Structure formats: structure tokens, C-alpha cells
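Asker: sequence plus experimental coordinates follow:
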Amino acid sequence: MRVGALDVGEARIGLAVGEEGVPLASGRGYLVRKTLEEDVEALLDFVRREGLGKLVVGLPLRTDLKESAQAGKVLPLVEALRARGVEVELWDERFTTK
């Protein structure tokens, strides 16, 4: 029941690994912003070796048919995961009434 969690405020990226649902927050480490391929390299090293086999990441996303991956070079990884048959799903808005 381990899942990779990614977060970024405006310089530092948070790393978390545990069950999908978590009240406290759950973590593991952190990685500084890098390039497109670079982030993948760092992510794979952990996701691949850690045997997570699943990654979750929240992002506003501008949404648009042509061009995408607005803000943060996170998309570059999502493609790798999807291609390698790795479970992944973008987390919508954090706050929301049931």
C-alpha cells in the first residue's frame, strides 16, 4: 500500500510514500527543482528502486487540447509511468465539500 506523492511550493518538492489515504501527511524526503529529464531520473531512481509502482500528484493544470504540462515539469514523468504500465493519477483540488 505504498504510493509516491509529489508536491511543490515554489522551489522545494515534497516527497511522500505510504497509503493513498493519509490524515497526518506522510513523507519520506524531498528534491530540489531540476530539468525535465533530470526530474524523471530522480523520480525513477526512487519510484523504480523503491518499488512504489504507483504515483500520485496534485496540480491545478490549465487544461487544453494543444500544448499542456503548465507549470512544473511533472508531466515528463507521468508519461514514463503510464508508458511503463505504472499506476498514476493527478490529484484534483485538495479542499472540497463531500
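Answerer: Thanks, I have the structure now. Residues are numbered from 1 along each chain as shown.

Asker: would you list every one of the helices in the chain?
Answerer: All helices of the chain, identified by DSSP state H, fall at 36-50, 75-83.

Asker: out of the ones you listed, nearest to residue 95?
Answerer: Residue 95 sits nearest to helix 75-83 of all the helices of the chain, at 23.1 Å, using Cβ to Cβ. Using the backbone N, CA and C atoms, a C-beta is placed for each residue, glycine as well.

Asker: tell me the buried residues in that closest one?
Answerer: For helix 75-83, burial by neighbour count (16 or more other Cβ atoms under 10 Å) applies to 75, 76, 77, 78, 80, 81.

Asker: cool, stretch 45-56 as well?
Answerer: 46, 47, 52, 54, 55, 56.

Asker: from the buried residues of helix 75-83, pick the one nearest residue 94.
Answerer: Using Cβ to Cβ, the buried residues of helix 75-83 come closest to residue 94 at residue 78, 18.7 Å.
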